[PDB]
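Student: Take this structure, written in structure tokens, and hold onto it; I'll ask about it next.
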Amino acid sequence: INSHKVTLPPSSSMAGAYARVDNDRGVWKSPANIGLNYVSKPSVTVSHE
Amino acid sequence: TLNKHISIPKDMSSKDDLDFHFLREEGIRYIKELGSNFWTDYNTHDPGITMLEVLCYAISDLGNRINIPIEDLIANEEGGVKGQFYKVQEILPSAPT
Amino acid sequence: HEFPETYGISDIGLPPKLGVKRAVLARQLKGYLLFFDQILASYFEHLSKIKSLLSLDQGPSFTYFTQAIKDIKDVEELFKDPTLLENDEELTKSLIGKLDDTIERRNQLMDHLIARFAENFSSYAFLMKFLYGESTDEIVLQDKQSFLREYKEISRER
Amino acid sequence: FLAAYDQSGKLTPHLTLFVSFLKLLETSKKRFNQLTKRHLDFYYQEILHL
Amino acid sequence: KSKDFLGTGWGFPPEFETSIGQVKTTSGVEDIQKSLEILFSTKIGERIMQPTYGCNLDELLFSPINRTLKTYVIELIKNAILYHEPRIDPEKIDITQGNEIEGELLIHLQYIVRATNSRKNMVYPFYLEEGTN
Amino acid sequence: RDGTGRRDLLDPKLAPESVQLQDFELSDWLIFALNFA
């Protein structure tokens with residue numbers, strides 16, 4: 001039973017990530033190229049095309 | 001029937017198909033003997049050498065499965081050995097004469 | 001799947017800005033590499049058949065085997081006839097074909113299994129020729145398989 | 001062909017890789033063909049306990 | 001046939017011809033230029049038994065451009081060359097911003113090809129007696 | 001008939017060697033490639 005995991009929309013993790021960036025560098029620093037915690041993988045793989 | 005402590009050997013050298021470095025060296029030796037007139041650059045940026053290393057890795061994988069014990073390689077989905085072996089209860093006893 | 005993204009032969013493809021010519025060259029490389037994958041796939045496939053090759057109930061008709069490779073995104077375009085990728089038995093007949101000398105190889109396997117019980121079917125090689133012509137090869141292999149299946153009673157109730 | 005080019009240094013690179021790969025595979029053939037002995041020993045020693 | 005220690009090998013985006021059953025090859029300076037394209041197109045952990053090959057230039061994406069960054073970029077490039085391309089000596093690295101709005105950073109690398117053979121250059125008839133380290 | 005004896009006790013087809021599960025040579029994989037192409 002405990003092998004089954006929860007899947008969530010990304011917005012709540014982004015709010016967390018925004019807080020980190022604002023404290024480390026400031027509101028003028030871009031949120032991109034920041035890793036997420038408690039994430040095994042994206043639900044789908046998106047190709048370059 | 002107690003549990004034992006588990007560890008991994010440190011002498012990773014066999015000179016066979018499970019030894020990556022061994023396979024890589026043999027690969028390069030064969031290349032020189034056959035094609036050194038045209039292919040002389042054996043540096044790591046070379047697509048040729050890149051392909052060789054990938055193939056050596058794939059060979060190790062094959063060798064590793066060949067070594068899986070018989071009990072698993074010929075197992076049935078439902079267990080048992082019905083179509084593989086006759087059991088002692090069936091093949092050793094004799095009619096009484 | 002072991003190569004870098006730069007080569008362009010992985011699942012995420014190659015960025016459009018690099019142009020058509022580079023995309024075409026990636027297609028050429030996939031073609032070349034299939035010569036190495038089809039061979040490796042055969043060896044893995046051959047392990048899956050050990051149970052059949054040595055079966056006491058019924059052996060297979062072929063002694064060499066192959067597989068369709070489907071974890072490559074365009075195999076439907078790389079192959080002239082994709083039909084074969086839907087059935088490994090047809091693929092085997094097309095790619096290995098005659099190279100598989102089934103009659104001689106099947107007899108060697110059967111003779112080994114029979115020998116394990118200290119039995120011997122050598123005389124069928126000529127006695128059956130007084131009954132049948134070319135058709136003896138099929139008949140004899142069928143009889144040898146039947147003998148192994150029925151062996152438990154045959155050797156006991158003498 | 002194979003005899004003529006053995007250690008000549010004269011093959012085109014796409015064949016050089018293909019043949020060198022086929023030579024490396026001979027060690028797999030050696031391991032793979034020992035399965036018939038392992039099978040026989042298993043049956044007599046572990047199934048029949050002799 | 002003096003410049004035979006730079007060597008000969010496969011072209012990076014390998015192309016196969018049909019007018020003759022062959023794959024195109026490169027040599028000398030052409031070979032060097034393609035080596036550089038490969039090195040800076042791959043990430044550090046992407047090769048299987050070569051866990052330290054490639055570069056980290058992606059670390060600088062989505063960042064402002066200043067003096068500290070430029071110093072760091074230069075260090076990354078020079079170390080990647082010292083470890084992985086024995087045939088050249090960097091001459092100059094010029095880092096500039098050509099766009100007020102578009103997120104572009106422009107890096108121009110100039111280099112010199114060596115006239116003497118390096119101890120790290122694995123080219124077949126040479127490394128056997130000259131490749132000490 | 002002369003019965004049997006010690007020199008007649010070898011079964012030529014019992015030794016596992018008699019079966020080679022895989023028999024291709026370099027030349028057979030090259031024929032494979034000629035067709036596959």
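Chain labels A, B, ... are given in the sequence in which chains occur in the structure tokens; within each chain residues are numbered consecutively from 1, and ligands are likewise numbered from 1 in the order shown.
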Give me the residues near segment 72-76 of chain C as a PyMOL selection string, where near means some atom within 9 Å (using only C-alpha atoms) and where sequence neighbours in that chain fewer than 4 positions away do not count.
Tutor: chain C and resi 1+9-11+27+30+80-82+85
Student: Sorted by chain and rising residue number, which residues of chain C lie within 10 Å of chain F, and what are their closest atom pairs and distances in Å to one decimal, counting only C-alpha atoms, as CSV?
Tutor:
```
residue,atom,partner,partner_atom,distance
C:31,CA,F:37,CA,9.7
C:32,CA,F:37,CA,9.6
C:34,CA,F:36,CA,9.8
C:35,CA,F:33,CA,7.3
C:36,CA,F:33,CA,9.9
C:38,CA,F:36,CA,9.6
C:39,CA,F:29,CA,8.6
C:43,CA,F:22,CA,9.4
C:46,CA,F:22,CA,9.2
C:50,CA,F:21,CA,9.3
C:53,CA,F:21,CA,9.4
C:63,CA,F:21,CA,8.4
C:64,CA,F:22,CA,8.4
C:94,CA,F:36,CA,9.3
C:95,CA,F:36,CA,6.8
C:96,CA,F:32,CA,7.1
C:97,CA,F:32,CA,9.7
C:99,CA,F:28,CA,8.2
C:105,CA,F:19,CA,8.8
C:108,CA,F:19,CA,6.8
C:109,CA,F:19,CA,6.9
C:111,CA,F:13,CA,7.1
C:112,CA,F:13,CA,5.9
C:113,CA,F:14,CA,8.4
C:114,CA,F:14,CA,8.9
C:115,CA,F:14,CA,5.6
C:116,CA,F:14,CA,6.4
C:117,CA,F:14,CA,9.4
C:118,CA,F:11,CA,8.4
C:120,CA,F:13,CA,9.7
```
Student: Quick one: write out the picked residues with N, CA and C atoms as a PDB file, in the first residue's frame?
Tutor:
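Result file is part.pdb:
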```
ATOM      1  N   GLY C  31      20.545   4.448 -38.344  1.00  0.00           N
ATOM      2  CA  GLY C  31      20.603   3.327 -39.259  1.00  0.00           C
ATOM      3  C   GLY C  31      21.834   2.486 -39.035  1.00  0.00           C
ATOM      4  N   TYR C  32      22.990   3.132 -38.992  1.00  0.00           N
ATOM      5  CA  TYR C  32      24.252   2.437 -38.778  1.00  0.00           C
ATOM      6  C   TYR C  32      24.257   1.665 -37.470  1.00  0.00           C
ATOM      7  N   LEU C  34      21.898   0.324 -35.782  1.00  0.00           N
ATOM      8  CA  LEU C  34      21.041  -0.874 -35.740  1.00  0.00           C
ATOM      9  C   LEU C  34      21.768  -2.161 -36.112  1.00  0.00           C
ATOM     10  N   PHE C  35      22.896  -2.079 -36.807  1.00  0.00           N
ATOM     11  CA  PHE C  35      23.631  -3.288 -37.136  1.00  0.00           C
ATOM     12  C   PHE C  35      24.232  -3.926 -35.896  1.00  0.00           C
ATOM     13  N   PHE C  36      24.471  -3.137 -34.862  1.00  0.00           N
ATOM     14  CA  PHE C  36      25.043  -3.610 -33.621  1.00  0.00           C
ATOM     15  C   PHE C  36      23.952  -4.032 -32.661  1.00  0.00           C
ATOM     16  N   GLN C  38      20.866  -5.193 -33.492  1.00  0.00           N
ATOM     17  CA  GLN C  38      20.117  -6.385 -33.842  1.00  0.00           C
ATOM     18  C   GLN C  38      20.850  -7.645 -33.397  1.00  0.00           C
ATOM     19  N   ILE C  39      22.181  -7.620 -33.425  1.00  0.00           N
ATOM     20  CA  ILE C  39      22.962  -8.769 -32.981  1.00  0.00           C
ATOM     21  C   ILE C  39      22.865  -8.959 -31.482  1.00  0.00           C
ATOM     22  N   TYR C  43      21.225 -12.329 -28.987  1.00  0.00           N
ATOM     23  CA  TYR C  43      21.801 -13.077 -27.880  1.00  0.00           C
ATOM     24  C   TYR C  43      20.925 -13.058 -26.643  1.00  0.00           C
ATOM     25  N   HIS C  46      18.051 -15.422 -27.247  1.00  0.00           N
ATOM     26  CA  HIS C  46      18.456 -16.808 -27.152  1.00  0.00           C
ATOM     27  C   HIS C  46      18.437 -17.312 -25.721  1.00  0.00           C
ATOM     28  N   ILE C  50      16.121 -21.052 -23.584  1.00  0.00           N
ATOM     29  CA  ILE C  50      16.827 -22.255 -23.131  1.00  0.00           C
ATOM     30  C   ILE C  50      15.853 -23.307 -22.638  1.00  0.00           C
ATOM     31  N   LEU C  53      14.454 -25.196 -25.650  1.00  0.00           N
ATOM     32  CA  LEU C  53      15.423 -25.991 -26.383  1.00  0.00           C
ATOM     33  C   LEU C  53      15.680 -27.326 -25.713  1.00  0.00           C
ATOM     34  N   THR C  63      16.222 -22.985 -34.031  1.00  0.00           N
ATOM     35  CA  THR C  63      17.284 -23.053 -33.048  1.00  0.00           C
ATOM     36  C   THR C  63      17.964 -21.705 -32.861  1.00  0.00           C
ATOM     37  N   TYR C  64      17.746 -20.756 -33.769  1.00  0.00           N
ATOM     38  CA  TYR C  64      18.262 -19.404 -33.623  1.00  0.00           C
ATOM     39  C   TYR C  64      17.094 -18.430 -33.563  1.00  0.00           C
ATOM     40  N   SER C  94      12.778 -13.964 -41.772  1.00  0.00           N
ATOM     41  CA  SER C  94      13.335 -12.990 -42.709  1.00  0.00           C
ATOM     42  C   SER C  94      14.811 -12.667 -42.472  1.00  0.00           C
ATOM     43  N   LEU C  95      15.245 -12.522 -41.219  1.00  0.00           N
ATOM     44  CA  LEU C  95      16.622 -12.103 -40.956  1.00  0.00           C
ATOM     45  C   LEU C  95      17.625 -13.239 -40.843  1.00  0.00           C
ATOM     46  N   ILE C  96      17.258 -14.358 -40.242  1.00  0.00           N
ATOM     47  CA  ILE C  96      18.177 -15.468 -40.103  1.00  0.00           C
ATOM     48  C   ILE C  96      17.946 -16.459 -41.209  1.00  0.00           C
ATOM     49  N   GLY C  97      16.686 -16.825 -41.377  1.00  0.00           N
ATOM     50  CA  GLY C  97      16.276 -17.689 -42.462  1.00  0.00           C
ATOM     51  C   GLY C  97      17.026 -18.993 -42.539  1.00  0.00           C
ATOM     52  N   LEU C  99      20.073 -19.748 -42.668  1.00  0.00           N
ATOM     53  CA  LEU C  99      21.264 -19.981 -41.859  1.00  0.00           C
ATOM     54  C   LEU C  99      21.007 -20.949 -40.705  1.00  0.00           C
ATOM     55  N   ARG C 105      20.425 -29.516 -36.305  1.00  0.00           N
ATOM     56  CA  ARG C 105      20.574 -29.035 -34.944  1.00  0.00           C
ATOM     57  C   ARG C 105      19.538 -29.637 -34.000  1.00  0.00           C
ATOM     58  N   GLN C 108      20.666 -33.078 -32.949  1.00  0.00           N
ATOM     59  CA  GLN C 108      21.724 -33.115 -31.946  1.00  0.00           C
ATOM     60  C   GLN C 108      21.189 -32.879 -30.538  1.00  0.00           C
ATOM     61  N   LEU C 109      20.244 -31.949 -30.384  1.00  0.00           N
ATOM     62  CA  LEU C 109      19.668 -31.704 -29.067  1.00  0.00           C
ATOM     63  C   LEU C 109      18.906 -32.910 -28.557  1.00  0.00           C
ATOM     64  N   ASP C 111      19.277 -36.069 -29.365  1.00  0.00           N
ATOM     65  CA  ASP C 111      20.144 -37.193 -29.072  1.00  0.00           C
ATOM     66  C   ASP C 111      20.815 -37.019 -27.734  1.00  0.00           C
ATOM     67  N   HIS C 112      21.199 -35.789 -27.402  1.00  0.00           N
ATOM     68  CA  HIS C 112      21.789 -35.541 -26.104  1.00  0.00           C
ATOM     69  C   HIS C 112      20.817 -35.867 -24.985  1.00  0.00           C
ATOM     70  N   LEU C 113      19.584 -35.380 -25.084  1.00  0.00           N
ATOM     71  CA  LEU C 113      18.627 -35.645 -24.020  1.00  0.00           C
ATOM     72  C   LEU C 113      18.351 -37.133 -23.873  1.00  0.00           C
ATOM     73  N   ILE C 114      18.264 -37.855 -24.993  1.00  0.00           N
ATOM     74  CA  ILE C 114      18.010 -39.292 -24.943  1.00  0.00           C
ATOM     75  C   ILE C 114      19.174 -40.016 -24.288  1.00  0.00           C
ATOM     76  N   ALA C 115      20.395 -39.614 -24.629  1.00  0.00           N
ATOM     77  CA  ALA C 115      21.594 -40.200 -24.059  1.00  0.00           C
ATOM     78  C   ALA C 115      21.643 -40.069 -22.550  1.00  0.00           C
ATOM     79  N   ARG C 116      21.052 -39.011 -21.985  1.00  0.00           N
ATOM     80  CA  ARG C 116      21.063 -38.839 -20.531  1.00  0.00           C
ATOM     81  C   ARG C 116      20.360 -39.971 -19.795  1.00  0.00           C
ATOM     82  N   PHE C 117      19.511 -40.733 -20.474  1.00  0.00           N
ATOM     83  CA  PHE C 117      18.824 -41.861 -19.877  1.00  0.00           C
ATOM     84  C   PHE C 117      19.444 -43.168 -20.311  1.00  0.00           C
ATOM     85  N   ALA C 118      20.591 -43.081 -20.977  1.00  0.00           N
ATOM     86  CA  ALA C 118      21.337 -44.202 -21.539  1.00  0.00           C
ATOM     87  C   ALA C 118      20.568 -44.966 -22.612  1.00  0.00           C
ATOM     88  N   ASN C 120      19.205 -45.157 -26.960  1.00  0.00           N
ATOM     89  CA  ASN C 120      19.842 -44.907 -28.268  1.00  0.00           C
ATOM     90  C   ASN C 120      18.917 -45.194 -29.458  1.00  0.00           C
TER      91      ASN C 120
END
```
Student: Report the closest atom pair, with its distance in Å rounded to one decimal, for each residue of chain D that has an atom no farther than 7 Å from chain B; count only C-alpha atoms, sort by chain and then rising residue number, and write it as a tab-separated table.
Tutor:
```
residue	atom	partner	partner_atom	distance
D:5	CA	B:34	CA	6.9
D:6	CA	B:34	CA	6.3
D:7	CA	B:33	CA	4.6
D:8	CA	B:34	CA	5.8
D:9	CA	B:35	CA	4.2
D:10	CA	B:35	CA	5.3
D:11	CA	B:35	CA	5.1
D:12	CA	B:35	CA	6.8
D:13	CA	B:35	CA	6.6
D:16	CA	B:35	CA	6.1
D:20	CA	B:30	CA	6.0
D:27	CA	B:17	CA	6.2
D:28	CA	B:63	CA	6.7
D:32	CA	B:66	CA	6.6
D:39	CA	B:70	CA	6.9
D:48	CA	B:88	CA	5.9
```
Student: Can you list, as a PyMOL selection string, every protein, DNA or RNA residue that comes within 10 Å of residue 77 of chain E when you count only C-alpha atoms, leaving out same-chain residues fewer than 5 positions away?
Tutor: chain E and resi 40+55-57+72+82+90+93+109
Student: Those same residues - N, CA and C atoms - I'd like them written as a PDB file, in the first residue's frame.
Tutor:
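Output (part_35.pdb):
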```pdb
ATOM      1  N   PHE E  40      32.642  21.297 -25.753  1.00  0.00           N
ATOM      2  CA  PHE E  40      31.779  22.293 -25.149  1.00  0.00           C
ATOM      3  C   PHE E  40      30.305  22.056 -25.435  1.00  0.00           C
ATOM      4  N   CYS E  55      31.867  20.265 -19.834  1.00  0.00           N
ATOM      5  CA  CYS E  55      32.007  21.558 -19.174  1.00  0.00           C
ATOM      6  C   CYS E  55      30.754  21.944 -18.402  1.00  0.00           C
ATOM      7  N   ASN E  56      30.898  22.992 -17.583  1.00  0.00           N
ATOM      8  CA  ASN E  56      29.835  23.516 -16.733  1.00  0.00           C
ATOM      9  C   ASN E  56      29.311  24.890 -17.139  1.00  0.00           C
ATOM     10  N   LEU E  57      29.383  25.267 -18.414  1.00  0.00           N
ATOM     11  CA  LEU E  57      28.957  26.620 -18.780  1.00  0.00           C
ATOM     12  C   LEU E  57      27.479  26.904 -18.473  1.00  0.00           C
ATOM     13  N   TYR E  72      34.952  34.012 -13.797  1.00  0.00           N
ATOM     14  CA  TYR E  72      34.567  32.616 -13.639  1.00  0.00           C
ATOM     15  C   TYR E  72      34.455  31.890 -14.980  1.00  0.00           C
ATOM     16  N   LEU E  82      42.797  22.546 -20.741  1.00  0.00           N
ATOM     17  CA  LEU E  82      43.994  21.918 -20.175  1.00  0.00           C
ATOM     18  C   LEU E  82      43.796  20.436 -19.907  1.00  0.00           C
ATOM     19  N   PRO E  90      45.381  28.255 -25.683  1.00  0.00           N
ATOM     20  CA  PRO E  90      44.480  29.416 -25.775  1.00  0.00           C
ATOM     21  C   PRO E  90      45.273  30.700 -25.876  1.00  0.00           C
ATOM     22  N   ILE E  93      40.449  35.157 -24.629  1.00  0.00           N
ATOM     23  CA  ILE E  93      39.020  34.948 -24.443  1.00  0.00           C
ATOM     24  C   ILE E  93      38.351  36.307 -24.290  1.00  0.00           C
ATOM     25  N   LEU E 109      36.567  32.735 -28.485  1.00  0.00           N
ATOM     26  CA  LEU E 109      37.816  32.071 -28.112  1.00  0.00           C
ATOM     27  C   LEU E 109      38.788  32.035 -29.279  1.00  0.00           C
TER      28      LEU E 109
END
```
Student: Within 9 Å of chain D, which residues of chain E come that close, and what is the closest atom pair and distance in Å for each? Count only C-alpha atoms and give it as a Markdown table.
Tutor:
```
| residue | atom | partner | partner_atom | distance |
| --- | --- | --- | --- | --- |
| E:9 | CA | D:13 | CA | 8.9 |
| E:10 | CA | D:13 | CA | 8.4 |
| E:21 | CA | D:14 | CA | 8.8 |
| E:22 | CA | D:14 | CA | 6.9 |
| E:23 | CA | D:14 | CA | 6.7 |
```
Student: Which of segment 26-101 of chain C counts as helix (DSSP H, G or I) under DSSP, as a ChimeraX atom specification please?
Tutor: /C:26-47,50-53,75-78,82-86,88-95,97-99
Student: Go ahead and dump the residues you just picked, N, CA and C atoms, as a compact mmCIF listing (two decimals), in the first residue's frame.
Tutor:
```
# COMPACT_ATOMS: atom_id res chain seq x y z
N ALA C 26 21.54 12.70 -38.17
CA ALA C 26 21.19 11.88 -37.02
C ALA C 26 20.47 10.62 -37.45
N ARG C 27 19.60 10.74 -38.46
CA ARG C 27 18.87 9.59 -39.01
C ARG C 27 19.85 8.57 -39.57
N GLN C 28 20.90 9.04 -40.25
CA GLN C 28 21.90 8.15 -40.84
C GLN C 28 22.62 7.37 -39.77
N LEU C 29 22.95 8.02 -38.65
CA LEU C 29 23.62 7.32 -37.56
C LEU C 29 22.73 6.26 -36.95
N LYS C 30 21.44 6.55 -36.75
CA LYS C 30 20.55 5.53 -36.18
C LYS C 30 20.56 4.27 -37.02
N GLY C 31 20.55 4.45 -38.34
CA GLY C 31 20.60 3.33 -39.26
C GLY C 31 21.83 2.49 -39.03
N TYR C 32 22.99 3.13 -38.99
CA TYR C 32 24.25 2.44 -38.78
C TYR C 32 24.26 1.66 -37.47
N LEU C 33 23.84 2.30 -36.38
CA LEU C 33 23.91 1.63 -35.10
C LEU C 33 22.99 0.40 -35.00
N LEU C 34 21.90 0.32 -35.78
CA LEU C 34 21.04 -0.87 -35.74
C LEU C 34 21.77 -2.16 -36.11
N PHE C 35 22.90 -2.08 -36.81
CA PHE C 35 23.63 -3.29 -37.14
C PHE C 35 24.23 -3.93 -35.90
N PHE C 36 24.47 -3.14 -34.86
CA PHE C 36 25.04 -3.61 -33.62
C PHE C 36 23.95 -4.03 -32.66
N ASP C 37 22.81 -3.35 -32.72
CA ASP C 37 21.75 -3.69 -31.79
C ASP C 37 21.04 -4.95 -32.20
N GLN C 38 20.87 -5.19 -33.49
CA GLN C 38 20.12 -6.38 -33.84
C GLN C 38 20.85 -7.64 -33.40
N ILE C 39 22.18 -7.62 -33.43
CA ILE C 39 22.96 -8.77 -32.98
C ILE C 39 22.86 -8.96 -31.48
N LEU C 40 23.02 -7.88 -30.72
CA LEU C 40 22.93 -8.03 -29.27
C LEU C 40 21.55 -8.51 -28.86
N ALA C 41 20.51 -7.99 -29.51
CA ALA C 41 19.16 -8.40 -29.17
C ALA C 41 18.96 -9.89 -29.37
N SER C 42 19.56 -10.45 -30.43
CA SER C 42 19.52 -11.89 -30.66
C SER C 42 20.08 -12.71 -29.51
N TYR C 43 21.22 -12.33 -28.99
CA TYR C 43 21.80 -13.08 -27.88
C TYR C 43 20.92 -13.06 -26.64
N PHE C 44 20.28 -11.94 -26.34
CA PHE C 44 19.41 -11.89 -25.18
C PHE C 44 18.19 -12.77 -25.39
N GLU C 45 17.70 -12.75 -26.61
CA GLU C 45 16.56 -13.55 -27.02
C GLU C 45 16.84 -15.02 -26.90
N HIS C 46 18.05 -15.42 -27.25
CA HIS C 46 18.46 -16.81 -27.15
C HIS C 46 18.44 -17.31 -25.72
N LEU C 47 18.78 -16.49 -24.72
CA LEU C 47 18.66 -16.93 -23.31
C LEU C 47 17.23 -17.26 -22.94
N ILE C 50 16.12 -21.05 -23.58
CA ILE C 50 16.83 -22.25 -23.13
C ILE C 50 15.85 -23.31 -22.64
N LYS C 51 14.81 -22.87 -21.94
CA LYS C 51 13.79 -23.79 -21.45
C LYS C 51 13.13 -24.59 -22.54
N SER C 52 12.92 -23.99 -23.70
CA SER C 52 12.28 -24.69 -24.78
C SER C 52 13.23 -25.64 -25.45
N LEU C 53 14.45 -25.20 -25.65
CA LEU C 53 15.42 -25.99 -26.38
C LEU C 53 15.68 -27.33 -25.71
N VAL C 75 11.79 3.56 -35.59
CA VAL C 75 11.88 2.29 -36.31
C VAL C 75 10.82 2.03 -37.39
N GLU C 76 9.65 2.65 -37.26
CA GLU C 76 8.67 2.55 -38.31
C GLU C 76 9.09 3.18 -39.63
N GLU C 77 10.07 4.06 -39.61
CA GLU C 77 10.53 4.68 -40.83
C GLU C 77 11.85 4.08 -41.29
N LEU C 78 12.67 3.62 -40.34
CA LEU C 78 13.97 3.05 -40.65
C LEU C 78 13.84 1.73 -41.42
N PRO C 82 7.58 -2.35 -41.94
CA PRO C 82 7.29 -2.37 -40.50
C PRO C 82 6.50 -3.57 -40.04
N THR C 83 5.83 -4.26 -40.97
CA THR C 83 5.09 -5.47 -40.63
C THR C 83 5.86 -6.43 -39.78
N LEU C 84 7.13 -6.62 -40.09
CA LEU C 84 7.93 -7.61 -39.38
C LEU C 84 8.13 -7.27 -37.92
N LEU C 85 8.01 -6.01 -37.56
CA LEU C 85 8.25 -5.63 -36.19
C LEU C 85 7.06 -6.00 -35.31
N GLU C 86 5.99 -6.49 -35.90
CA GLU C 86 4.83 -6.90 -35.14
C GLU C 86 4.84 -8.38 -34.83
N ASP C 88 7.88 -11.44 -34.00
CA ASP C 88 9.26 -11.91 -33.94
C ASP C 88 9.49 -13.21 -34.72
N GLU C 89 8.44 -14.00 -34.97
CA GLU C 89 8.62 -15.25 -35.69
C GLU C 89 8.84 -14.96 -37.17
N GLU C 90 8.20 -13.91 -37.69
CA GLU C 90 8.35 -13.56 -39.10
C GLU C 90 9.67 -12.87 -39.28
N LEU C 91 10.04 -12.09 -38.28
CA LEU C 91 11.30 -11.39 -38.30
C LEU C 91 12.44 -12.39 -38.32
N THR C 92 12.32 -13.47 -37.54
CA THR C 92 13.33 -14.53 -37.51
C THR C 92 13.49 -15.18 -38.88
N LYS C 93 12.37 -15.55 -39.50
CA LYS C 93 12.43 -16.18 -40.81
C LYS C 93 13.07 -15.27 -41.85
N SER C 94 12.78 -13.96 -41.77
CA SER C 94 13.34 -12.99 -42.71
C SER C 94 14.81 -12.67 -42.47
N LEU C 95 15.24 -12.52 -41.22
CA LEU C 95 16.62 -12.10 -40.96
C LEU C 95 17.63 -13.24 -40.84
N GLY C 97 16.69 -16.82 -41.38
CA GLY C 97 16.28 -17.69 -42.46
C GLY C 97 17.03 -18.99 -42.54
N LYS C 98 17.57 -19.25 -43.72
CA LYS C 98 18.18 -20.53 -43.99
C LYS C 98 19.38 -20.80 -43.13
N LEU C 99 20.07 -19.75 -42.67
CA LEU C 99 21.26 -19.98 -41.86
C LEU C 99 21.01 -20.95 -40.70
```
Student: In Å, with one decimal, what is the gap from atom CA of residue 18 of chain C to atom CA of residue 6 of chain C?
Tutor: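 Atom CA of residue 18 of chain C sits 10.9 Å away from atom CA of residue 6 of chain C.
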Student: Tell me the residues of chain E close to chain B, meaning within 8 Å using only C-alpha atoms, as an mmCIF file with N, CA and C atoms, in the first residue's frame.
Tutor:
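Heads up, here's the output in selection_0.cif:
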```cif
data_model
loop_
_atom_site.group_PDB
_atom_site.id
_atom_site.type_symbol
_atom_site.label_atom_id
_atom_site.label_comp_id
_atom_site.auth_asym_id
_atom_site.auth_seq_id
_atom_site.Cartn_x
_atom_site.Cartn_y
_atom_site.Cartn_z
ATOM 1 N N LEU E 6 49.002 15.253 -35.429
ATOM 2 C CA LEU E 6 47.723 15.814 -35.063
ATOM 3 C C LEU E 6 46.662 14.759 -35.284
ATOM 4 N N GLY E 7 46.942 13.846 -36.208
ATOM 5 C CA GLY E 7 46.122 12.680 -36.441
ATOM 6 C C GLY E 7 44.930 12.889 -37.358
ATOM 7 N N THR E 8 44.214 11.764 -37.573
ATOM 8 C CA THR E 8 43.037 11.569 -38.440
ATOM 9 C C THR E 8 41.889 10.799 -37.763
ATOM 10 N N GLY E 9 40.622 11.199 -37.931
ATOM 11 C CA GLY E 9 39.536 10.490 -37.261
ATOM 12 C C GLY E 9 38.167 10.770 -37.855
ATOM 13 N N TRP E 10 37.118 10.281 -37.192
ATOM 14 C CA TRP E 10 35.744 10.431 -37.679
ATOM 15 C C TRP E 10 35.272 11.877 -37.572
ATOM 16 N N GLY E 11 34.471 12.346 -38.533
ATOM 17 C CA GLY E 11 33.886 13.679 -38.400
ATOM 18 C C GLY E 11 32.870 13.686 -37.273
ATOM 19 N N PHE E 12 32.632 14.813 -36.577
ATOM 20 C CA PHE E 12 31.714 14.697 -35.438
ATOM 21 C C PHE E 12 30.287 14.383 -35.815
ATOM 22 N N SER E 35 36.935 18.792 -32.403
ATOM 23 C CA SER E 35 37.134 18.386 -31.019
ATOM 24 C C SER E 35 36.600 19.424 -30.049
ATOM 25 N N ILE E 38 32.811 19.369 -29.867
ATOM 26 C CA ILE E 38 32.326 18.261 -29.040
ATOM 27 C C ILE E 38 32.449 18.577 -27.563
ATOM 28 N N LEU E 39 33.641 19.010 -27.127
ATOM 29 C CA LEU E 39 33.895 19.220 -25.702
ATOM 30 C C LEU E 39 32.897 20.189 -25.088
ATOM 31 N N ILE E 48 29.999 7.440 -20.063
ATOM 32 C CA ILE E 48 29.764 6.327 -19.125
ATOM 33 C C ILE E 48 30.979 6.023 -18.235
ATOM 34 N N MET E 49 32.141 5.736 -18.794
ATOM 35 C CA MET E 49 33.220 5.449 -17.853
ATOM 36 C C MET E 49 34.197 6.599 -17.758
ATOM 37 N N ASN E 121 48.866 13.388 -25.981
ATOM 38 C CA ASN E 121 48.206 13.261 -27.279
ATOM 39 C C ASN E 121 48.191 11.817 -27.797
ATOM 40 N N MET E 122 47.074 11.117 -27.676
ATOM 41 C CA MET E 122 47.060 9.714 -28.082
ATOM 42 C C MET E 122 46.856 9.465 -29.585
ATOM 43 N N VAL E 123 47.896 9.728 -30.361
ATOM 44 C CA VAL E 123 47.933 9.491 -31.803
ATOM 45 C C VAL E 123 48.863 8.308 -32.057
ATOM 46 N N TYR E 124 48.365 7.302 -32.789
ATOM 47 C CA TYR E 124 48.938 5.950 -32.821
ATOM 48 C C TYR E 124 50.457 5.775 -32.990
ATOM 49 N N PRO E 125 51.139 6.281 -34.006
ATOM 50 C CA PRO E 125 52.559 5.963 -34.106
ATOM 51 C C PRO E 125 53.441 6.830 -33.219
#
```
